[PDB]
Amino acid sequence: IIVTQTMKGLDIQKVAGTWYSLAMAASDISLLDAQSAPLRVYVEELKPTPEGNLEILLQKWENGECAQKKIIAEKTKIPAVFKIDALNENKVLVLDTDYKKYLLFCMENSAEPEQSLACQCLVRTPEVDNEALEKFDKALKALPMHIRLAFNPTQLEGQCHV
């Protein structure tokens, strides 16, 4: 069973700017297995809008090349849940953040969560933050994750994490 717990009191304007994908996990191995997997996406920037919507700038491997992609996320009645239509997902969920160091988020397709749940640990600087990973793992503890990846500083500042 998948139950996600979204952040209380999120202020979306404060997530603006540069981020790096430190770790990722998914419910289904095939979502992240291999560099061409559908949810192997590397977040570069979060750009909140004056409306309270959210643009997500990421890199992804498409047809043998590291491509730029932009996902537009629309705000909902819950401040930490956004609607999207990308990567066969329909929701972006913010689990936790302290704005200055780490942010944990998930994507899912609410119609098929077990087949679609992917979560990431983002950080502000291209270094390993063990405190952030511990928060990530504690969030993951109650979710049925079957693949987990964690990246090192060299991969964090590479193109598509290679």
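Heads up: residue numbers just count along the shown sequence, starting at 1.
**Student:** Is it true that at least a third of the other compared entries have no coordinates for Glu112?
**Tutor:** Per the records, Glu112 goes unmodelled in at least a third of the other entries.
**Student:** So 62-70 or 49-57, which one's hotter by mean CA B-factor in the entry?
**Tutor:** According to the entry, 62-70 carries the higher average C-alpha B-factor.
**Student:** Between 124-132 and 101-109, which has the larger average Cα B-factor in the PDB entry?
**Tutor:** Looking at the record's C-alpha B-factors, the answer is 124-132.
**Student:** Ranked by Cα temperature factor within the chain, is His146 in the lowest third, the middle third or the highest third?
**Tutor:** Lowest third of the chain for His146's C-alpha B-factor.
**Student:** How does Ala26 rank on Cα B-factor within its chain, lowest, middle or highest third?
**Tutor:** Its C-alpha B-factor, which the entry lists for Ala26, ranks in the lowest third among residues of this chain.
**Student:** Where does the C-alpha B-factor of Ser36 rank in its chain, lowest, middle or highest third?
**Tutor:** It falls in the top third of the chain.
**Student:** Which third of the chain does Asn152 land in by C-alpha B-factor: lowest, middle or highest?
**Tutor:** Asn152: CA B-factor falls in the middle third of its chain.
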